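**Student:** Generate coordinates for the sequence data below:
(10 chains)
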Amino acid sequence: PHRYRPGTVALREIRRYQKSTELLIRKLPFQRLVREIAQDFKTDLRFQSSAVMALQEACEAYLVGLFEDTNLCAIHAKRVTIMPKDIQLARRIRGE
Amino acid sequence: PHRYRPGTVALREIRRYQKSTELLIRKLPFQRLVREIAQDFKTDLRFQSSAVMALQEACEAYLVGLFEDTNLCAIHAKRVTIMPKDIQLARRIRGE
Amino acid sequence: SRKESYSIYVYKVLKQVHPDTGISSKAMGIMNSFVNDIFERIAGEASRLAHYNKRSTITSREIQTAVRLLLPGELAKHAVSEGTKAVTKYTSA
Amino acid sequence: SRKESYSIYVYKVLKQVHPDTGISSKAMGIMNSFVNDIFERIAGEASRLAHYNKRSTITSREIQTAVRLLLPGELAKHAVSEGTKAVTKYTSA
Amino acid sequence: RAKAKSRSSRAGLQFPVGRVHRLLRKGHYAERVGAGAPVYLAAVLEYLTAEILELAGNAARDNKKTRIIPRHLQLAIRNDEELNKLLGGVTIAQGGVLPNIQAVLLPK
Amino acid sequence: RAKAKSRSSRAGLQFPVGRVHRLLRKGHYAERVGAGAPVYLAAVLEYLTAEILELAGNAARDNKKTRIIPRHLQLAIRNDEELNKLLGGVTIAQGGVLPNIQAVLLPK
Amino acid sequence: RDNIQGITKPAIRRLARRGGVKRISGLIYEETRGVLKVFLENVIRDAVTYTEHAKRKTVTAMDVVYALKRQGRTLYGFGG
Amino acid sequence: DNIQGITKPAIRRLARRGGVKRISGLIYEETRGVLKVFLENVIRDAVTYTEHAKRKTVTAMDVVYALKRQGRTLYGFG
DNA sequence: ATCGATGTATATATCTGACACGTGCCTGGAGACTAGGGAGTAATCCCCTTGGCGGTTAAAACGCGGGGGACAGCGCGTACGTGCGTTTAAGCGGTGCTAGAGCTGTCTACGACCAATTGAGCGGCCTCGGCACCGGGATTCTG
DNA sequence: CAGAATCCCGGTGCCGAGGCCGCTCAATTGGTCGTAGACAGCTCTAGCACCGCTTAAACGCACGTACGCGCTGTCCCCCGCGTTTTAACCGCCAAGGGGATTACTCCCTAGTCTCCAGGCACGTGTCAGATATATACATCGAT
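**Tutor:** Residues are numbered from 1 along each chain as shown, chains lettered A, B, ... in the order given. Next comes the structure:
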């Protein structure tokens, strides 16, 4: 059967997801995570429908920006594969 | 004859300058540079004696931190010599 | 309760710049946030400029200086001309 | 003409912590600017808290919340503890 | 008693000079507000609003649409070297990202 | 007319409650200022001052000195994980840097 | 609880694809989960602090907008 | 052209305080440009505050305020 | 195993100007009283948040074949560090000038506070055409 | 160069954006008056300029070794494709906790006047720190 060579599909996915605009994390799992973390600070809290959407938009923007910085750190070492030390270097220079 | 091996004097200088706190740039050449830059904004300006000292302290504190960041991104590439691309990467990740 | 917004003024400007184009509710909400952001930034710097000089009154000079400190070069260059023209015509009326 | 600084109170504290140590004028200048900085940060946040709730007055509740927002976890607990102790001693005097 | 005429009509602006003057008084920025401050601030806010809406409308036209949507505002701001500097720390909901791929990653 | 005594003496503080109350009213932060605000803020500022001075005084003894100088303040701040987080952006004149050399650079 | 495992491997890959990453090492997933958890904790602590000062019991979108604003990142489209 | 007054030995001393062991021959000209770009952004603000006050003498407080606006608070000069 | 040539630090004496304390006095904090509107309490409405069921396909989890990427080892050639002799101009100590920052006095143009009037713009309603979804055809690009 | 992926075109159809009406509370016009700040004149601090001298630091050269770079080999861990399964998403029904508002009234803060002591400039003097000299002992490179 016909088979695409390694990496041909990855570029197509990059183009697809850079051209789109929808959210990428599942809503119910994220909502349960948010309600779990909050329970450490105050009990019996309630959340508005828009607060979870605001938190999800902020988290996805943060992670996309961190991956953009990490890819430059990978290329500097002449590699293609990103590795944990690239994340640690980016975070150290950003001062996080 | 007598001669030290490459790198021992450099380490001794590192240990020297990290212990002291004096300013390292020449005062009069820096003052002439400040006078030359300000002329593009307004003519016949005057400067208090403490304004030049505040500017010199700020510039040296900035350059030391930039070299600290550049050395980490030099080591990450498994080199020891710092090069221009290390400065460029540090400044790009810092967002300046 | 009644809530104020800039939606009608943004729409009047849009009708002046592009008569045939329309705007969605989400874009209007973004524009309504951008206006309040810049308003608070300029009023903040104008307030700091007043206290550093022991003045009790905010004037057009405080706004002009805050504009020159906050906006980049070409934007500040044009905005200062717009504000000067508006104030001159208002006073001449 | 007459200036105003905290050097008296800083010296009074120093002689309570270390009655055998002195402080140079250059260090005193840095200690004097430190208090003005933190004072401005706390008063700023307290004003924002009052404005968001639509209140006309600043009270100890605004100061306590600003401290809990600005100071780290360990500094906040002690600062809040002695702030409440001071207020209780004042109100019971 | 003379017939009222709005201050915005005297200055020729679209934005409300009266509302801006009210907001300047209620915010406690200072104890006195001069008569020239609100006309200047209104003229500046109107200039920046029109400066953004023009680029957004051009982006909407290139996409062959008629209604402006947040994607067009993101494309307008991030393609201008001066708007992007003033609004660098701002994230716009549903804005997405600009297409960009590192040359090292493309095939030979 | 009883003999006057300071509010700081009633609260048991060294810092000036009256000066702080004046500075709050003169800043236009709000139209009204309550009675308890200055006592709370004075106690907080006194606490942070005493903590900084204690660490600087300990650093002075470690160098057999008897007078505190900016170097001791820098070493006191940069060696404490809490104070260093609060004062991360502050630059102290004549403070210098901490001694640190990467292990990769030392001799084999 | 196990709810951190709800951020599956495919979701992390999609996020990395939007950022232009072509090839991903198998150890990146646990690192990304650790990086995300501290961010959520920091924002939620501030949001709950504002909710408690108002004596409310429901957490609203404004508490989130103000928290993000304090951290130094501004969100447009939800209010303010 | 006074940028040449920032000599190579001074740059090396700054690199030593920062912990740099070995330095490439092209770092000097890159550092001069970086410093030249940094100074202009501070001086422009200081002069703006000086002009608003209608003074002719640039003052230490103008520089302190210019730096604080950029997020670089300096303690020691009042 | 260690030698010996360099380097950093310590111990003693002499000096000087930075720090700690006391005095005079003036302007800003404390005591006493009055007026009034901001905040605290209680009660009502109703809306939007939490909880549950049924069900269908979009999305995640698990296997496996193989190839192209990360990593270690080797050779080589030239860029940088260490040390010397020369020469440039920074640092310091002194004197003199005058530009302009800081202050006091006079006064008049500006903005704040009230009252009466009415129309600008916000909330509820209607509706129709911009957009999106389905299906089939045309073009591109890759192994 | 066969064929798998993306784009586009013609048809259907619905609910979001554009426009109208009622109406009430926020903005305008007119008047008084108190003080913020614009202008004129003076004092005297400290920023700018010039000179001579010593010697600290910058500059230019030689040389040799340690580093950066390019090439080769190999092996194992990512990617792409297929099948099974699990829990996300949509739509519909209940109910009651908590947000938002109104009406009352009381107690907290702002303001004016008096008066008196806290803390700000100024002057003095003595000892902590800076420096020169001597020397101890630790480290680095070759034998």
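
**Student:** Output the residue of chain C whose distance to chain H is smallest.
**Tutor:** Residue of chain C nearest chain H, by Cβ to the nearest Cβ: residue C:65 (5.0 Å). The way it works is simple: take the backbone N, C-alpha and C, and place the C-beta from them, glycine included.

**Student:** Give me the nearest residue to that residue, chain neighbours excluded.
**Tutor:** Residue nearest to residue C:65 in three dimensions, not counting chain neighbours: residue H:52, with 5.0 Å by Cβ to Cβ, 6 or more residues apart in numbering or on different chains.

**Student:** ditto for residue C:18
**Tutor:** In this structure, residue C:18 finds its nearest non-sequential neighbour in residue E:57, 4.2 Å apart by Cβ to Cβ, 6+ apart.

**Student:** what about that neighbour, how many neighbours?
**Tutor:** 21 (other Cβ atoms under 10 Å in any protein chain shown).

**Student:** What residues of whatever helix or strand it lives in count as buried?
**Tutor:** According to DSSP states H and E, residue E:57 maps onto helix E:37-62. Buried residues in helix E:37-62, counted by 16 or more other Cβ atoms under 10 Å in any protein chain shown: E:37-49, E:51-53, E:55-60.

**Student:** before we move on, what about stretch A:38-45?
**Tutor:** Neighbour counts over stretch A:38-45 (16+ other Cβ under 10 Å) mark A:38, A:45 as buried.

**Student:** cool, stretch E:14-31 as well?
**Tutor:** Buried residues in stretch E:14-31 (16+ other Cβ under 10 Å): E:14-17, E:20-21, E:23-24, E:27, E:29-30.

**Student:** Now narrow these to whatever sits close to chain F.
**Tutor:** The overlap between the buried residues of stretch E:14-31 and the neighbours of chain F (Cβ under 8 Å from any Cβ of the partner chain) comes to E:29-30.

**Student:** ok so, going back, with chain A as the reference, measure out to the residue nearest to residue C:18.
**Tutor:** Distance of residue E:57 to chain A, computed by Cβ to the nearest Cβ, to the nearest Å: 19 Å.

**Student:** Just want the most central residue of chain A.
**Tutor:** residue A:63 (3.6 Å; Cα atoms, centre = their mean).

**Student:** show me the contacts for that one.
**Tutor:** By Cβ atoms under 8 Å, 6 or more residues apart in numbering or on different chains, the contact set of residue A:63 is G:15, G:32, G:35-36.

**Student:** which of those lies closest to DNA strand I?
**Tutor:** Closest to DNA strand I out of these is residue G:15 (11.4 Å), distances taken as Cβ to the nearest atom of the strand.

**Student:** What count of nearby residues applies to that closest one?
**Tutor:** By other Cβ under 10 Å, 21 other residues sit near residue G:15.

**Student:** Was I right to think it contacts residue A:67?
**Tutor:** Yes - look at residue G:15 against residue A:67 with Cβ atoms under 8 Å: they come within range, at 6.5 Å.

**Student:** Secondary structure element holding the residue in chain E positioned nearest to chain A?
**Tutor:** Here chain E gets closest to chain A at one residue, residue E:96, 4.3 Å apart by Cβ to the nearest Cβ. Counting by DSSP H and E, no helix or strand carries residue E:96.

**Student:** Just to check, it is in contact with residue E:72?
**Tutor:** No - judged on Cβ under 8 Å, residue E:96 makes no contact with residue E:72 at a distance of 10.9 Å.

**Student:** How about the contacts made by the most centrally placed residue in chain C?
**Tutor:** The centre of chain C sits closest to residue C:39, judged by Cα atoms, centre = their mean, with a distance of 6.0 Å. With contact taken as Cβ under 8 Å, 6+ apart, residue C:39 is in contact with E:23, E:41, E:45.

**Student:** at 10 Å what do you get?
**Tutor:** C:6, E:20, E:23-24, E:27, E:41, E:44-45 (Cβ atoms under 10 Å, 6 or more residues apart in numbering or on different chains).

**Student:** ok, now residue E:85?
**Tutor:** Neighbouring residues of residue E:85 by Cβ under 10 Å, 6+ apart: C:71-72, C:75.

**Student:** let's go with 6 Å and repeat that
**Tutor:** Neighbouring residues of residue E:85 by Cβ atoms under 6 Å, 6 or more residues apart in numbering or on different chains: residue C:72.

**Student:** so it is in which element?
**Tutor:** Going by DSSP H and E, residue E:85 is part of helix E:83-86.

**Student:** buried stuff in that helix?
**Tutor:** Neighbour count says helix E:83-86 has E:83, E:86 buried, by 16+ other Cβ under 10 Å.

**Student:** separation between the residue nearest the centre of chain E and residue C:63?
**Tutor:** Nearest to the mean C-alpha position of chain E, by Cα atoms, centre = their mean, lies residue E:49 at 3.3 Å. Plainly put, residue E:49 is 17 Å away from residue C:63 if you go by Cβ to Cβ, to the nearest Å.
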